[PDB]
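[1] this one's experimental. Sequence and coordinates below.
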Amino acid sequence: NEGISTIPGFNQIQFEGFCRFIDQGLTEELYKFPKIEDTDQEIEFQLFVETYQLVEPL
Amino acid sequence: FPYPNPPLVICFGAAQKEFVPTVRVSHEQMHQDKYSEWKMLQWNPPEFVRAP
């Protein structure tokens, strides 16, 4: 949609890479985390992957 | 007495900066707001606006 009629941005590569990262790579990595269960009672902690939210820098 | 050697001509009509009278309905349309993608239509122009 862009760069086909004009010279694209020189820094668009890093921009789109960081955007794709924040969009999908974080969720993809959080999905593959295992369920921590190391005990006889098997006390299990879990991370709700759906509730993934980044916060603005302080 | 004789007129100058280059034959003179007369252009009669209205003086306009960049007027384009030949307007029709084009099938292909680009982005409404981005005027940086409208040069793609100069490249393949509509039949009627090939040499306006």
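    Alright, I've got the coordinates. Numbering: from 1, shown residues only, chains lettered A, B, ... in the order given.

[2] closest residue of chain A to chain B?
    Proximity of chain A to chain B (CB to the nearest CB) peaks at residue A:5, 4.5 Å away. Where you see a C-beta, it was placed from the backbone N, CA and C, and this is true even at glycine.

[3] what's near enough to touch that residue?
    By CB atoms under 8 Å, 6 or more residues apart in numbering or on different chains, residue A:5 lies in contact with B:36, B:37, B:39, B:40.

[4] how about it, nearest residue that isn't a chain neighbour?
    Nearest residue to residue A:5, sequence neighbours excluded (CB to CB, 6 or more residues apart in numbering or on different chains): residue B:37, at 4.5 Å.

[5] what's the burial count for that neighbour?
    Counted with other CB atoms under 10 Å in any protein chain shown, the neighbours of residue B:37 add up to 15.

[6] looking at it, it is touching residue B:30, isn't it?
    Yes: applying CB atoms under 8 Å, one finds residue B:37 in contact with residue B:30, separated by 5.0 Å.

[7] residues touching whichever residue of chain B sits closest to chain A, list them.
    As assessed by CB to the nearest CB, chain A sits closest to residue B:37 within chain B, at 4.5 Å. Contacts for residue B:37 (CB under 8 Å, 6+ apart) come out as A:4, A:5, A:6, B:30, B:31.
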